[PDB]
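# Coordinate inspection notes
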Amino acid sequence: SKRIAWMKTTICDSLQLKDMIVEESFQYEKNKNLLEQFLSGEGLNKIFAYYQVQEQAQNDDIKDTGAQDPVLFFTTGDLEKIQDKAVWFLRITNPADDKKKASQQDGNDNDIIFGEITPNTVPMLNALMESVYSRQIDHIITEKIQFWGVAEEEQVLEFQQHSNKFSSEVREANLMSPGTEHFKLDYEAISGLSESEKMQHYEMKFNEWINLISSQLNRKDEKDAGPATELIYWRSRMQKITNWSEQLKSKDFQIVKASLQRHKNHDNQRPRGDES
């Protein structure tokens, strides 16, 4: 009961004022079973509740509670569960007896770990880690001596870099531009796809992609400008050709290719697979 009152107090200030649907979510039997098994179970270490939203004539908010945590599913577009708020509950100590005594006397604050995240944010997961754990590890390796402190800092930085890159990694507008109608969607011109103007626009855009990729696929002399500069440019080639590989592996840039194949305009499908 004390835990339920506490979570109710925690919920209101976060997104919106306390509601009867929020209370009914607690009153529901499944959420109670999950909370009880969580409190008394060494195995389950997390509780989740979804502030699910349903759009109709008017906006509606409902709350559910589950063990599974799909935090970025809601951020992914064109989903039923979109724009749904996420709550995290983590327990401190694994043993049931210690959880019991802590619920009886210890502060719910010390005893529970709480995490909140936006709905509809592509880099939210990358931002959380960087903002908290990257800072704590950096301070602590310096403060106290540990095994592999430098390796640990390096590892944290590498994950942070990957996570930061992958948010803006998604493809848009080297920079390879798809058609506006195609960025809308693929098969939106039932017979307008077989059009000279549209086909030639996709065709010239892909010719320009081919030229832009070639101008960089074609190195410097290994006798000049310094070994360090050479290594930097080799690493730049790696990351650069890698980013472009992901560019070409994007779906949309290959579907405009599939459209050129559907229109038989081979003079661009194939130079893309050969000259590049």
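Residues numbered from 1 in each chain as written, not as in the entry; some residues may be left out. Part of a larger assembly, values for the part shown. Heavy atoms only, no water.

For this coordinate set, the PDB header names cryo-EM as the determination method and states a resolution of 38 Å.

The PDB entry lists the chain under the name Dynein heavy chain, outer arm protein, with Chlamydomonas reinhardtii given as the organism. Looking at the PDB record, one finds the entry titled "In situ outer dynein arm from Chlamydomonas reinhardtii in a pre-power stroke state".

### Thoughts on the environment of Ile117
Position of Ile117 among the secondary structure elements: in strand β4 (residues 112–117). Along the sequence, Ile117 and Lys85 sit 32 residues apart, while their C-alpha atoms lie 7.5 Å from each other. Beyond its immediate sequence surroundings of up to four residues, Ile117 is in contact with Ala86, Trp88, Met124 and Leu128. (Helix = DSSP H or I, 4+ residues; strand = E, 2+ residues; numbered from the N terminus. Contact = heavy atoms within 4.5 Å.)

### Topic: the environment of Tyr133
By the secondary structure assignment, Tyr133 is in helix α6 (residues 124–143). Taking the C-alpha atoms as reference, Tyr133 lies 27 Å from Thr9; in sequence the two are 124 residues apart.

### So, the side chain of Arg91
Along the polypeptide, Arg91 turns up in strand β3 (residues 85–91). One buried charged side chain, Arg91, makes no salt bridge at all; its nearest oppositely charged neighbour is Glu42, positioned 8.6 Å away. Sequence-distant contacts of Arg91, that is, excluding residues within four places in its chain, are made with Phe38, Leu44, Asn45, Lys99, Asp111 and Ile113. (Buried < 20%, exposed > 50% of the residue type's maximum accessible area, 1.4 Å probe, protein only. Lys, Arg positive; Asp, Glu negative; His and termini not counted. Salt bridge = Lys/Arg side-chain N within 4 Å of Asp/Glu carboxyl O.)

### Side note on the pattern of salt bridges
Following the criterion strictly, the structure yields 12 salt bridges and no others. The closest approach of N and O atoms between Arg171 and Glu169, which form a salt bridge, is 3.3 Å. Residue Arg171 is classed as buried on the basis of its relative accessible area, which comes to 15%. Under the relative-accessibility criterion, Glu169 is labelled partly exposed at 22%.

### What to know about helix α7 (residues 149–168)
Taking 1.5 Å per residue, 20 residues should reach 28 Å; α7 reaches 30 Å between its end C-alpha atoms and fits that length. When α7 is considered as a whole, its buried residues turn out to be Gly149, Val156, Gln160, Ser163 and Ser167. On an axial view of α7, the arc spanned by its buried residues comes to 65°, and they lie on one face. Residues of α7 that are exposed and point more than 90 degrees away from the buried face comprise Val150 and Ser168. (Expected span 1.5 Å × (residues − 1). Arc of directions from axis to C-beta.)

### Focus on unusual backbone geometry
For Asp78, which is not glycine, the phi torsion reads 60° and is therefore positive. Looking at where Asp78 falls in the secondary structure, it is placed in the loop between β2 (59–66) and β3.

### Points about the side chain of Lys257
Relative to the helices and strands, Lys257 is located in helix α11 (residues 251–262). Here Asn268 takes part through its backbone oxygen, which lies 2.7 Å from a polar atom of the side chain of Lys257. (Polar contact = N/O pair within 3.5 Å; in protein donor to acceptor, adjacent residues only side chain to side chain.)

### Considering the sheet that holds β4
Reading across from one edge, β2-β1-β3-β4 is the order of the 4 strands in this open sheet, with antiparallel pairing throughout. Looking along the sheet, the strands with just one partner apiece sit at the ends: β2 and β4. Here the strands of the sheet are splayed against their neighbours by 15° on average, with no regard to which way each runs. The strands touched by helix α3 (residues 29–40) are β1 (46–55), β2 and β3; relative to β2, the strand with the most contacts, the crossing angle is about 40°. (Pairing = 2+ DSSP bridges. Axes fitted to C-alpha atoms, helices over the stretch in contact; angles between N-to-C directions.)

### Looking at the nonpolar core
In terms of nonpolar packing, the biggest core is built from 16 residues, with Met7, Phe26, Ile47 and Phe89 touching the most fellow members. At the level of elements, α1 (2–14), α2 (20–27), α3, β1 and β3 are the ones that each hand at least two residues to this core. Aside from chain neighbours lying at most four places away, what touches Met7 is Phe26, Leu35 and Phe89. (Core = buried A, V, L, I, M, F, W, Y, C linked by side-chain atoms within 4.5 Å.)

### A short note on helix α9 (residues 196–217)
Here α9 is 22 residues long and its end C-alpha atoms lie 31 Å apart, about the 32 Å a rise of 1.5 Å per residue gives. Those residues of α9 that sit buried are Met199, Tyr202, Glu203, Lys205, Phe206, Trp209, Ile210, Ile213 and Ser214.

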